[PDB]
Amino acid sequence: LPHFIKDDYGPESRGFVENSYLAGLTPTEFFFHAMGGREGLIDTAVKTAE
Amino acid sequence: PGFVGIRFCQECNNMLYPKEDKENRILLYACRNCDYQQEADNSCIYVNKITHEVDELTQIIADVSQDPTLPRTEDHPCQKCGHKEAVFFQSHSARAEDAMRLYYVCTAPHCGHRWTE
Amino acid sequence: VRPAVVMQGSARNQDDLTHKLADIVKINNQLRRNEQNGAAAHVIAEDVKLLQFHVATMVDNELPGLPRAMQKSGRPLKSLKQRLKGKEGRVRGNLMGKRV
Amino acid sequence: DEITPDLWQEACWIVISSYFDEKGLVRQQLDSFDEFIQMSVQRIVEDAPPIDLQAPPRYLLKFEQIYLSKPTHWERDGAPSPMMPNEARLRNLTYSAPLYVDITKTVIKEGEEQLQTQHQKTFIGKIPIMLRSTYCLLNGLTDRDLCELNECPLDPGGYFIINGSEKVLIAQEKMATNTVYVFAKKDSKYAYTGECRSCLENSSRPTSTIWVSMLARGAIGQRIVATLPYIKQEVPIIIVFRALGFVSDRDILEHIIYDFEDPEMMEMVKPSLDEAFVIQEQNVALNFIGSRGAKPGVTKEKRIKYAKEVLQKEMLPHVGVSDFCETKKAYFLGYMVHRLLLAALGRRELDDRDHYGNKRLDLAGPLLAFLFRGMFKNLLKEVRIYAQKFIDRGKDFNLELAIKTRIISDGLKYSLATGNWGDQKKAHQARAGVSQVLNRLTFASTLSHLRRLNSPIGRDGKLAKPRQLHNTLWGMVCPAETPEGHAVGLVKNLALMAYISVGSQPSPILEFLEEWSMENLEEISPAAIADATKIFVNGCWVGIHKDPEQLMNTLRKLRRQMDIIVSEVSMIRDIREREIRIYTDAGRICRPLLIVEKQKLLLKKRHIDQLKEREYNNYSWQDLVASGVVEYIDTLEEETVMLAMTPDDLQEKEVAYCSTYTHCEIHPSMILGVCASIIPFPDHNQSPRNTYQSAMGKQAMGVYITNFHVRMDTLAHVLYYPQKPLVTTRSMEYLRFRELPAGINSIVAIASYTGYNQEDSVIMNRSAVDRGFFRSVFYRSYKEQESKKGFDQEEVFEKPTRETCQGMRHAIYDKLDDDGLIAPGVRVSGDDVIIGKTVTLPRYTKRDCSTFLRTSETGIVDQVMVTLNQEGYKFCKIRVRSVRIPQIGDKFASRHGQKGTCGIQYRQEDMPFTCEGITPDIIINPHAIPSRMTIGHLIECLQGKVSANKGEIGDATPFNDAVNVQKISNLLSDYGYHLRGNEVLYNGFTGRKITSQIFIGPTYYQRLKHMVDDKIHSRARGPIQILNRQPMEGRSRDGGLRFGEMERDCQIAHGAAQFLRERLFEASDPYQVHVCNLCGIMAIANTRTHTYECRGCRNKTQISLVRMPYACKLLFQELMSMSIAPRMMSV
DNA sequence: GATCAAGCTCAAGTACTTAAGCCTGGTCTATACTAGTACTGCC
Ligand SMILES: [Zn+2]
Ligand SMILES: [Zn+2]
Ligand SMILES: [Zn+2]
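Method-wise, the PDB entry is recorded as coming from cryo-EM, at a reported resolution of 3.3 Å.

Listed below in structure tokens is the structure:
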């Protein structure tokens, strides 16, 4: 994300959501979690045909 | 060893190909278009570095110090001028698997010093 | 096999097969007269070529290289092959699975 | 002066409110259409070539200027009158304006007999107008003027009206043009391929794609080739360079490799040179190209000329199509080869096809421009043929009669009506899906549809890479809003602050660059390109520069001062590659951001003050941008931008993370879209849930528009008592969800009661429903018109009668009036007749063609409207109303994906209750919470209980540290409730307390259009199709259910053969035929005269009856049609 | 005994077939040039 710096491999930058749902996710964590959800949705909508 | 550079003809500016003087047994660079010839000076016509021993410090340029998205650190001062601040980044270049090595550049203007720990 | 259903109005609309058979009969009659009377045989040739293309596109429209038999609006005809080719066809669309 | 952290939460939202008060929600659509009308059409008219026609006398027919008046309508009398959008929606008109073009025809024959003839404002065609655009009649009108005009002030516009249908152009994604992209296909003969979809700055829309590939290592070295357009054979780059007039190999290398000190580069380019050296002249190279060209080289002269013009017009047109530009083309192709070499040597990363910085959004502007160009070309074609066939007779011709205005009119109308983007005949070259019908189910659905994107990847494709949520969609697209069907990730939705660039001319930027120290590309020597910085403008390499740092600083100062460079212009300075890409292209999705200079924001407190008094000092977002406080950053520049999530990140910390920020986020919740902005606490839910909610908010009932009583829509759901959510996000104020809400705050209790809510189901309060809880009304509009298509038969509205009409159904026609139309307030049930129409025939002389109600509707006539359509024939619209009370089977859903059907309805006496007389309006199953992880749902219920007890609206903005569950619990404990929302409930049947204290509180629920009354279906020997005697398809036709292949397989596994036979033969299409026992072919049977014979075999005694499905008989007949002889041998 | 011709085998290139099920709504449907076909003023 543009919020981070280049060559940053830290857990946050790489999408380690350290917050729980009840606690709430920071915007970056939210976006990365959305990415993972997207992955799941695509797999669900793709495996069906095969 | 070093690589071998292209030699261009002086008449048509075309590439000179290697050839041997059968009578004198000497390496010449002759033009495939006109009848020009040159006495070779390296004696090597081909070099392929399969191990790819490339020094990325030559690929790095001082202008990278102007990138605001790069991280800066005060722990590695510049040895050429003594400036404290310096940006550091990875190789991030293909054909270099051990890319976790860090390359530093001095943020001082007109210095542009590059190095590695 | 080729029911002529009425459209939203009253004009009797003909089936795709009916239109294709109509074209076939047109070129067939033309060629028959061109062979009944001396037509130089050039037209006879061209006619046989067109007749072959019509007969082919009637049973199979997905001809590689050749143009698809078009109709109103530029849509391709539904050849007999397309009527039972696969899904929504006769075998898979009306025999193995059907409305009940 | 500086905004303190305590005032930041209010300041950022003040800025956001000013933004949405100035730009709006469909600004990209309105601006695209505006730019198309002011620039695209006029440019296409100038870009068309004057058609010189001559028999001698000659005519040029040059167009010079255009005029687009306001939308008007001409009745049959021909009087031009202003047409309102509401009038178009009602009369099924097309909201279009006439296009008048000035034409100049010059006659030149001989004897100095030259003369110009000017035809001012020649009506060339009609153009449909986008509602609320500059040329729309609703432009600049106040909300009161719109109310007087029966228009909704909240209607955003941004759509067209074609035949009365609201059509919206979906933004189509495409790969950026005029930019070099080096990819690498794993399974191909080429290792690396550097392509460039090239297109003229503002013309020649077809994007000539040029490839420069490298042959895979698998031969002496790796050869470089180029797949030029109009050539079906690859050509080594060296031939292309020599064909461009650079014959010396040194010159070629000077154009490709800028640093002769790179022996790796020389060694990588050597194989292509050694492979293409026999050619040493420009003529030989051009002949080679002409020999490889698609066109046959009948003569080398023509062959060579063919090539020359291809290399001058088709190869890299964005670089220039004029003559003497071979130097520019050579430099650009050299840079393309340089990029291919850098990728092959690994010093550069391959380009990502999903990076949205490498994509462009074709909006209504460029789409209508592409259509208008092609159609104007067809118009000039028809005018050419007309004038040719008239001058051929040696006589003048009238352009008024030559100009077939129907071409442009019906073309734009057809494209915007059907979605097939292209010629009406080219139904295969055209791409469908564009110009969809605007969704009017709820205001959120309308906004999302007007802010919808589209990726033409093809739903059939099974590659997940284009469907994945790329990192570059941050702030530009909603990560949650996307369909969950077969279009996941392909159909996207813009973010709240996302703005798609409209486009701008680069001429002023080019003049500024030349005015500074930049050196043009033809003026420099290749030796200067090594250390210098390259400068591209819209992808065209213009020149080089020496101090790119101060150059970028200057360009940025100009953009921040709204100087020569406008805000929509992108300026990305790649430092590693020493290049400065400037872009003015359209379709560049970008968003605003707060400039940060040191580690402090340029948005001082005086700015917030002026924006607070925005209604007095007329200080708007435009003034904020002009003050250099905000900047529009695009996805491609985000790579070079260092954002600060919040001003807190700009402070000094114990360990400095960045300390060199250059921009800041206005508010992170702006990354969400429209249907996702309504979700409260979306940062507390699993993302799939947020996606399902973004998909259902568009299905939720409400008040889709204020003038819903005036609109005669085909399908409309209105909720009786809409309520604004007690727990609201700060973005709803901009979505206007408070003004057109789509749900009701329900006292929901998460409990297991009588297990009538298990498996994602809910229990409703019958008493609440009796008090109007979630009650709604369903409006359905039926349209019909009387056509006088011919004198043989004419349609007319009139009460049919049994003695004169023929095809009168058994339904009674007494509900109709003598005019043939039903009256409002009349009760109508299924199969009843609402429009009595009769058509004259060639029980006699007239057939009944009346319009009945859809089956099983049972509504009441809301209103009836009568007018004249475009053809001046009578046209009626009947809006029927049906009151839908929520019942078992209706779908309800919260704002967290917690969707479910009403399992049962218990009365207030049977529902559980607190110590006080509060029964839950809805009871949902607790099992729906753990797996789905919709913690936002529980937090919403808690913030809602606190809001209801406190008398305020809970702030559920996604990322807000000022509101957490502990604070909400403390506030709830202040009103005498358990801090965790739980409450003691009593069993409504027995009054006993419930051992487990139930969780209960107000939660905003929504009712979805998916009712059970519209889905229940049954059939028993109903109608059948015509070709095959099988049941129809669909509820509307009383069709039957499909007993598919999977069902056949299941019954095979069960081994129920009798059942499988009943389902596939006896219950679908039982049939009998007579077959010849000898040849097995279907015989000719006549039961009436008991005669059965096979014409083939000449027998009439050996015939047998066979019980087969009609579809089987039809299959065998279709085989005999293909000459196959399927012989049914019964022995 | 050696060379040439014919036959057989192997590899590469081109073309053809399939892409889950069932279920609900909506909108839209060829120009384009043409000759004849009647009307209707004009004389
Ligand atoms: Zn030479
Ligand atoms: Zn230094
Ligand atoms: Zn027989």
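For the rest of this paragraph, the subject is the overall build of chain D. Across its full length, chain D holds 28 helices and 52 strands. Relative to a compact globule of 1131 residues, whose C-alpha radius of gyration would be 32 Å, chain D shows 36 Å and is just as compact. In terms of principal-axis extent, the alpha carbons of chain D reach across some 100 × 95 × 70 Å. By residue count, 57% of the 1131 residues in chain D fall in the buried class. Looking at charge distribution, chain D has the averaged site of its 144 positive side-chain charges lying 7 Å from that of its 138 negative ones.

With that settled, consider the overall build of chain B. Secondary structure assignment for chain B yields zero helices and seven strands. The N-to-C order of helical and strand elements in chain B reads β-β-β-β-β-β-β. By the compact-globule yardstick of 13 Å for 117 residues, chain B is too spread out, its C-alpha radius of gyration being 22 Å. Across its three principal axes, chain B shows a C-alpha extent of roughly 65 × 30 × 25 Å. When each of the 117 residues of chain B is scored for burial, the buried share is 38%. Long-range pairs, those at least 24 residues apart, make up 32% of the contacts in chain B with a sequence separation of at least 6. Carbon together with sulfur atoms contributes 49% to the accessible area of chain B, which is approximately 7200 Å² in total. In chain B, 12 positive and 18 negative side-chain charges are present, and the distance between their average locations comes to 3 Å.

Facing 32 residues of chain D, the contacting portion of chain B comprises 27 residues. Looking only at chain D, the three residues that lose the most surface to chain B are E267, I575 and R576 of chain D, adding up to 21% of its buried area. Along the contact surface separating chain D from chain B lie one salt bridge. In this structure, the salt-bridge partner of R578 of chain D is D63 of chain B, at a minimum N-O distance of 3.1 Å. Listed by contribution, the elements that provide at least two residues to the side of chain D that touches chain B are helix 6 (249-256), helix 7 (263-275) and helix 10 (326-344) of chain D.

Once that is clear, we can look at the coordination of the zinc ion (ligand 3). Six octahedral donors around a metal ideally make angles of 90 or 180 degrees; four tetrahedral donors ideally make 109.5 degrees. All names here are of chain D. Around the zinc ion (ligand 3), the protein supplies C1076 (SG), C1079 (SG), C1094 (SG) and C1097 (SG) as donor atoms, at distances of 2.3 Å. Relative to the metal, the four donor atoms surrounding the zinc ion (ligand 3) lie at angles of 104 to 115°, and the coordination shape comes out tetrahedral. Motif for the zinc ion (ligand 3), donor spacing along one chain: C-x2-C-x14-C-x2-C. With a gap of 18 residues between them, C1079 in the loop between strand 49 (1070-1076) and strand 50 (1084-1086) and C1097 in the loop between strand 51 (1091-1093) and strand 52 (1103-1109) connect regions that are remote in the sequence. Of the residues examined, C1097 reaches a relative accessible area of 32% and is grouped as partly exposed.

Residues and elements named next belong to chain D. Close contact between helix 8 (residues 282-292) and helix 9 (residues 300-313) brings their axes to 7 Å; oriented N to C, the two are set at 90°. When the interaxial angle is binned, helix 8 and helix 9 end up roughly perpendicular. In this structure, helix 8 contributes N283, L286, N287, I289, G290 and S291 to the contact, and helix 9 contributes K300, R303, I304, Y306, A307, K308 and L311. Taken together, the residues of the contact of helix 8 with helix 9 sort by class into six nonpolar, four polar and three charged.

The subject of this paragraph is the protein's contact with DNA strand E. The local shell around DNA strand E holds 29 residues, among which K87 and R92 of chain C together with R406, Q424 and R1035 of chain D are the closest. Contact distances for DNA strand E include 3.4 Å between a base nitrogen and a side-chain N or O atom of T48 of chain A. Within the side chain of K87 of chain C, an N or O atom sits 2.5 Å from a phosphate oxygen of DNA strand E. Elements with a minimum of two residues in the surface near DNA strand E: helix 11 (364-391) and helix 13 (405-418) of chain D. Per-element accounting of the surface near DNA strand E gives the leading share, four residues, to helix 13 of chain D. Here the residues of the surface near DNA strand E sort into nine nonpolar, seven polar and 13 charged.

This part takes up the sheet that holds strand 12 (residues 190-198) of chain D. All names here are of chain D. With antiparallel pairing, the five strands of this open sheet are ordered in space as 11-12-13-14-15. Each having just a single partner strand, strand 11 (181-183) and strand 15 (235-236) make up the two edges of the open sheet. Pairing analysis gives seven bridges linking strand 12 to strand 13 (residues 208-215), with the strands arranged antiparallel. Residue pairing for strand 13: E195 is matched across the bridge by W211. Lying over the sheet, helix 10 contacts strand 11, strand 12, strand 13 and strand 14 (224-227), oriented at roughly 45° with respect to strand 13.

Each domain of chain B was delimited in the assignment, giving domain 1 (4-48) and domain 2 (49-117). In this structure, domain 1 of chain B and domain 2 of chain B have C-alpha centres spaced 39 Å apart.

Turning to the arrangement of the chains, a few remarks are in order. A comparison of contact numbers over the four pairs of chains in contact places chains A and D at the top. You won't find any contact between chain B and chain C; their C-alpha atoms come no closer than 44 Å.

Residues and elements named next belong to chain B. UniProt's entry tags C9, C12, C31 and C34 with the feature "binding site: Zn(2+) 1", counted in the numbering of this structure. A maximum C-alpha distance of 8.8 Å places the annotated residues, which cover 26 residues in sequence, within one compact spot. Mapping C31 onto the fold places it in strand 2 (residues 27-31). Relative to the helices and strands, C34 is located in the loop between strand 2 and strand 3 (37-39). Excluding anything up to four places from it in sequence, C34 contacts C9, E11 and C12.

Our next topic: the sheet that holds strand 6 (residues 102-106) of chain B. Strands sit in the order 4-5-6-7 (chain B) across an open sheet of four strands; the sheet is antiparallel. Each edge of the sheet is formed by a strand with only one pairing partner; in this case those strands are strand 4 (72-73) and strand 7 (114-116) of chain B.

Let us now look at the interface of chain A and chain D. For an interface, size is often stated in terms of accessible area lost upon the parts coming together. The partner chain D presents 43 residues to the 28 residues of chain A that form the contact. The contact between chain A and chain D buries some 3000 Å² in all, and 71% of this surface belongs to carbon and sulfur atoms. In terms of surface lost to chain D, no three residues of chain A exceed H3, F30 and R38 of chain A, which account for 25% of the buried area on that side. Our enumeration of links across chain A and chain D arrives at zero salt bridges. On inspection of chain A and its partner chain D, the count reaches six residue pairs in polar contact. Residues of the side of chain A that touches chain D, tallied by class, amount to 18 nonpolar, six polar and four charged.

What follows concerns the pattern of salt bridges. All names here are of chain D. Taken as a whole, this structure holds 71 salt bridges over all chains when the rule is applied. Here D155 makes a salt bridge to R440, at a shortest N to O gap of 2.6 Å. Each member of the pair, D155 as well as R440, carries the same accessibility label: buried. Across the pair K492 and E173 runs a salt bridge, and its minimum N-O distance is 3.3 Å. Taken as a pair, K492 and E173 share a single burial class, namely buried. One continuous salt-bridge network, built from bridges that share partners, spans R89, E151, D155, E166, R440, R711 and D713.

So, on to the UniProt feature "binding site: Zn(2+)" (unreviewed entry) in chain D. Residue and element names in this part refer to chain D. Taken from the UniProt record, the annotation "binding site: Zn(2+)" (unreviewed entry) applies to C1076, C1079, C1094 and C1097. The named residues occupy 22 residues along the chain; their greatest pairwise C-alpha distance, 8.8 Å, places them in one compact cluster. Mapped onto the elements, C1076 comes out in strand 49. Owing to a relative accessible area of 1%, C1076 belongs among the buried residues under this scheme. Residues within four places of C1076 in sequence aside, it is in contact with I1081, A1083, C1094, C1097, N1099, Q1102 and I1103.

All names here are of chain D. Unlike most non-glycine residues, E112 shows phi in positive territory, near 60°. Mapped onto the fold, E112 is located in the loop between strand 6 (96-108) and strand 7 (114-128). Residue class for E112 comes out exposed when judged on its relative accessible area of 73%. Not every positive phi belongs to a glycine, and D760 is a case in point at roughly 55°.

The subject of this paragraph is helix 7 of chain D. For helix 7 of chain D, spanning 13 residues, the distance from its first C-alpha to its last is 19 Å, which sits close to the expected 18 Å at 1.5 Å a residue. The sharpest bend along helix 7 of chain D measures roughly 35° and falls at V269 of chain D, with the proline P271 of chain D sitting one to four residues further on. In this fold, the buried residues of helix 7 of chain D make contact with strand 1 (16-20) of chain B together with strand 13, strand 14, helix 5 (237-243), helix 6 and helix 10 of chain D.

What counts, and at which threshold
Residues numbered from 1 in each chain as written, not as in the entry; some residues may be left out. Chains lettered and ligands numbered in written order. Part of a larger assembly, values for the part shown. Heavy atoms only, no water. Helix = DSSP H or I, 4+ residues; strand = E, 2+ residues; numbered from the N terminus. Rg over C-alpha atoms; globule rule 2.2 N^0.38 Å. Buried < 20%, exposed > 50% of the residue type's maximum accessible area, 1.4 Å probe, protein only. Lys, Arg positive; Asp, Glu negative; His and termini not counted. Charge placed at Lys NZ, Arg CZ, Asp CG, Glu CD. Contact = heavy atoms within 4.5 Å. Areas by Shrake-Rupley, 256 points an atom, 1.4 Å probe, with all protein chains shown as cover. Buried area = accessible area lost by both parts, 1.4 Å probe. Salt bridge = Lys/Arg side-chain N within 4 Å of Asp/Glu carboxyl O. Donors = N, O, S within 2.8 Å, 3.2 Å for Na, K, Ca; no water. Tetrahedral: all angles 85-135°; square planar, octahedral: opposite > 155°, others 65-115°. Axes fitted to C-alpha atoms, helices over the stretch in contact; angles between N-to-C directions. Parallel < 35°, antiparallel > 145°, perpendicular 65-115°, else oblique. Nonpolar A, V, L, I, M, F, W, Y, C, P; charged D, E, K, R; others polar. Near = heavy atom within 4 Å. Polar contact = N/O pair within 3.5 Å; in protein donor to acceptor, adjacent residues only side chain to side chain. Pairing = 2+ DSSP bridges. Domains from an automatic or database assignment. UniProt positions renumbered as here; feature names shortened; annotations may be inferred. Expected span 1.5 Å × (residues − 1). Bend = angle between axes of the 7 residues up to and from the residue.

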